[PDB]
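Participant: Provided herewith is a single structure, encoded as structure tokens, for subsequent inquiry.
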């Protein structure tokens, strides 16, 4: 039905909105990394695994949002 | 039926929005971690368990949004 | 009838956005904790009742919101 | 009915308001943890004030929730 | 009509959104009070009436919003 | 008719959303006041007028949003 | 009647544009109070800068208001 | 007719929302200017041009939102 | 027909929301430029090409929103 | 028709997501400038860190954009 | 209160503005300077 | 307690009173328009 | 005639009793009540001396005092839950605000000629936005006309409407089955907290009025 | 309390298990005087 | 590098990692760390040159990273072990007495030192 098919194309868009939060989040982890590494130049080797972890987890929340979009599109 | 089925897909998209707060949240804990480790050097042994706890709790609130999304989407 | 069931599922979806706020709140408490500890690691035992208290109260606001979401969804 | 639907919908929209309170409470407690870690000793005055700040943040959330019940039933 | 009645309730729901800014506002004032007081230990005789003023004013926007919500719903 | 009166009510609800930006704004000025006063110990004679000015204009933007809410709501 | 309905609704939506300026004004003034309190004496140079930033942020809100009026009055 | 003209009026309302962001953007540049000048004192003569450049670009984005409002009319 | 004409204008309108993030972003890069240059008095030669790069990239995100807005408005 | 309208609207809705990415890119670059200015010399290590954070921030916007194109063009 | 839109506005406002002008004159000549009389009497004993 | 003191009450404070009068006349017309409902 | 007329008389009679018999007879020591109205005298004396601060601070000291006391008493009397507000009629409060605002601007024009229009450019700026900075200064200047009133009116009104609507809800709390009337102290407690707040937001607005229209007179007397 | 007074006292206090040396005791225990002088003359020579 | 100079003695006047209690909370300096000026608060201190660590109890002082990795610490006194229980007891009595009896400032530093010593 036109109503249902329409609803899919609208609904896909609505779902996409959630993703913004993760994007800002990733930047915040990298910003902290730069400042941290600046403050002690040699902290990098310890800190860098932790930094990539913080990115990955923040990104993951974005992935879950994007999954719901793909579920509506290709479910 | 066409109305309620369109409503399911829309309602799912609305629920997806809730995830954004958790995504930023994960980053906020990790940004603090990266800065903190840079201040002290060696704070990390105590603090890394605290960081994981904080991430998980922030993430959980996001996940509550996601489970409502799948309840609406499927039924 | 379809409208009634639709309204149940929509009303649920709308509520779900509220959960995000408590999720951000939790993250903020842990970021503050991490910074506090790195700057003064001996505060921890006095802080421990307050830390759990602030986390819980922040999270709680989201859980109130979540109960409304499920009440609408299931009816 | 449209009215039957409408009360359920109104309950949904008002419920979003709780979000602000969830952030708010945490900002008071976060500042408490930062203050106390800085001083070791601000806490005696500040801890009563921190519970007050929490109450006020939470109170805003209760207005939102109360609107949800006024919508939902009414 | 059914439509006019719907618009009262719906308009009221929409109105309830504004309250969040005041909630966060009050928390920010109290956070700043704590931060200033943690810095000085003794600014407070000047600062305390300033903080209460900020609190009252931030709260007021929320109360204005709540007033409109009742006017739409009941009125 | 039914639609027009409905639309007035709906428009009123939306108007109330505008208040939030002023609410957060006022809190920022008062936070800054406390920060400034804690920084100087003694800035208050000049700065208290500056802070009141910043509150007023921030608040006023919210009041405009409120006033549209009234125009639509009553009218 | 859709056109008339839309005019009243559209006006409501327009208020949202104003909200950002409310925050904006506060941000300029926050910087002002911080700068002035750290120096004491920066203020005479800084005060023109502060008023300028306020005005520019305000102007963005003014555009939103003009559109609101454009709908409302027609 | 009714639907399209209605949509224009709604659409105008929606477009104002973009403008809110630009208002904040401009404010941030001037806030930074004041902070820089107050920490340094003397930076101001170099820094004031940078502030004007940053302001203009932030405002321009808001201008894009505004012109789309005009297009939709 | 009418519904589609309305829709083209609507999709364009929603797309404008995207533009805002680039505006705030541009301000943030320039704010950092100012803060760095004021901190060092002399970082500027290193920091300036970095700042231009960050500006361009931040702006570009809003540009994508704008071209999508045009594609929806005009077809 | 309703379906064709929905494609155009739907595409528009997807576009909102990009705002987060724009802010994100800027935050990393802001930090790059702060790190470089803080050390005078962290820059060669910090420059790839900064680029990585920008890229990832941009990417969330890009995902929104391709979904927008898919609904828009078909 | 449920109802707080009069149409009696000019009536209200006549008595309202009468109270404002009344309080201004009343304060200025009577009630504000009779407090300043207390101040000046206390200070006059203090100064001698 | 009370005493009549010949303090300024009008020789500086005329514009406040004048503004009240302008709004008073306009409010007569506003009241008349509202008294039809 | 109206309810409004009866409450304007009540406000006048309270203020007369506050300055004719708040003190037993006439003392140089004062009764416990008059200790308050000494502290009030000093915080408004030193406030409009702190604000307008001229030799004309005291020329506007009766003006700032009768604007304090009117709003201070009428937002305590109006907070009695069976008292018919003078301040929840927006048409009176906003009219009073515009009256004082016009009485600042006209006085400023009278005293400082057409060089009053120099107020609307406080400082130089590049010439293509010099006219801009006159227009969106004057717009913000007569936004002051309605802002001062609408803050106070909305605050006082919102307290009363909140109470009446909540009174209706706590009734329906008891109409909900008796298992809800186990541990039913919380809605009563919500109204009690609101009542503690309602005196506070009424006294705060009376001070905020009188500092802001001291600031407006500071601007009008001392330009830029 | 003035910072360099604060540190001095802190060193002395830290000089108060108890395994401390004579140079420490000398570094924290001393007797002294000071003299305020006009402009010349000696306003009272007050002990340090 | 590090210096931990005292007036009549010295204690360390390239030292790899040094952990300091500062008016910036707690600060760690590792290899080349950014150059600082921090007044050192009364402290429990760890100094590591390689993995070897020497633990110091410190009267407060000044900390200054020089940009060549020369960590200038100047303090009036500072091993941890020499200070490390009966001394804490003496301070408790003294803290109490000064608490009852600038006199405020004296009691405050004494409370701080008694605690700081208890940490040792």
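In case you wondered, yes, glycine gets a Cβ from its N, Cα and C as well.
Dumping what Swiss-Prot says about this protein:
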- I:1: N-formylmethionine (MOD_RES)
- I:59: site 'Reversibly protonated during proton transport' (SITE)
- I:14-34: transmembrane segment (TRANSMEM)
- I:52-72: transmembrane segment (TRANSMEM)
Participant: Please report, as numbers and ranges, the same-chain residues at least 6 past the borders of the transmembrane segment (I:14-34) whose CB is under 8 Å from any CB of it.
Facilitator: 47-48, 51, 54-55, 58-66, 68-69, 72
Participant: Provide the number of Cβ atoms within 10 Å of the Cβ of residue I:59 (site 'Reversibly protonated during proton transport'), excluding the reference atom itself.
Facilitator: 21
Participant: Cα of residue I:59 (site 'Reversibly protonated during proton transport') to Cα of residue I:1 (N-formylmethionine): how many Å, rounded?
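Facilitator: The separation of the Cα atoms works out to 35 Å.
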Participant: Taking the Cβ of the residue listed as 'N-formylmethionine' as centre, how many other Cβ atoms lie within 10 Å?
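Facilitator: By my count, 9.
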Participant: Under DSSP, is residue I:59 (site 'Reversibly protonated during proton transport') part of a helix or a strand, or is it coil?
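Facilitator: Assignment for residue I:59 (site 'Reversibly protonated during proton transport') reads helix.
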